[PDB]
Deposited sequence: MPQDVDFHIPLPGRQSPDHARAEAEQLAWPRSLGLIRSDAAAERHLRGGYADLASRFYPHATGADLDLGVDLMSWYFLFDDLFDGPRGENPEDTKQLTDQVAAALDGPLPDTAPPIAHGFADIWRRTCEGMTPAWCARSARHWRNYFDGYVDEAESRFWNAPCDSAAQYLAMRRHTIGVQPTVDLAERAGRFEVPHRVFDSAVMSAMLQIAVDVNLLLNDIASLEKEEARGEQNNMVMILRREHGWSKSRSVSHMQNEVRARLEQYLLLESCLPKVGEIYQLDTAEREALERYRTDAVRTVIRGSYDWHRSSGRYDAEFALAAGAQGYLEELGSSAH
């Protein structure tokens, strides 16, 4: 029950998507370039971030690019948590300061994304987004340990929905009021966005997992509850005493960050 939306700048973003990974050594062969283009990652970013154009959308394209280039590095290493952690620690180190020039290319790529994500956002927003990233990397180490219901406790972090939502704020150049982000209602909405994404992904990944199909009814129930939660937002805004600008940022967060992450993956698949 959410509108499909796509950035008006999607064609330029898709045409230029290869320049960034090539300049950071993430794509070094023409076959790897073609394999990247066939995934439709700029198209996906233009649906997660329909409110972004120009360099803001380019940042979202790079994040999608980096996401699938990074997940690729775990199709034997992904079997041993010690080797997984050796790589995630080098990427996660970019959240704490400059990387050594010897860091692998996938790490310099993340650092370039993170450097652009933070500029112009409040320090508290950056600290909060940084811990979402650490949750994501820690989840990769947790699932590798499971290789050497309780599936959600790990998949909710490794699906990478929260950093995607985080970037929608940065791409829109707004911040949801931090006390509303921490609210029980907003957390429930974000939990639905995460659950819906990994459910649709485990359905699409059946050919190549939660099926190990009440999932379709589970998505419908969560989307119905998501609308219930959306209708609580006016009262939530008063409980936290939001002024006009804060109420407008919360509305921007509802439509351009949470709704887009729920709808965008569906229209992509």
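Unmodelled regions of the deposited chain, listed from N- to C-terminal end, are 1-9, 85, 159-166, 227-234, 239-252, 310-337.
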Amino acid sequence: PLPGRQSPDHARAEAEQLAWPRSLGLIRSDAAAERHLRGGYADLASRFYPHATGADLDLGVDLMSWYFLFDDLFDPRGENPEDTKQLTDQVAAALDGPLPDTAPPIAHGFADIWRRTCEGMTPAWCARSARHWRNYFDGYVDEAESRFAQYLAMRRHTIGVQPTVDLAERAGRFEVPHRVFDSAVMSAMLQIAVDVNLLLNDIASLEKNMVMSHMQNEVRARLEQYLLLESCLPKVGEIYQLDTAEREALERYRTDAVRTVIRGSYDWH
From here on, numbers count along this sequence of modelled residues.
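Here the stretch with the larger average CA B-factor, out of 150-158 and 190-198, is 150-158. Averaged over CA atoms, B-factors in the entry run higher in 139-147 than in the other of 139-147 and 180-188. Of the candidates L37, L57, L69, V211, the PDB record gives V211 the highest C-alpha temperature factor. Ranked by Cα temperature factor within the chain, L44 sits in the lowest third according to the deposited record. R170 sits in the lowest third of its chain by CA B factor, as recorded in the PDB entry. Sort the chain's modelled residues by C-alpha temperature factor and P104 lands in the middle third, per the entry. Among the modelled residues of its chain, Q225 has a C-alpha B-factor that falls in the middle third, as given in the PDB entry. In this PDB entry, the Cα temperature factor of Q86 sits in the top third of its chain's modelled residues, the highest group.
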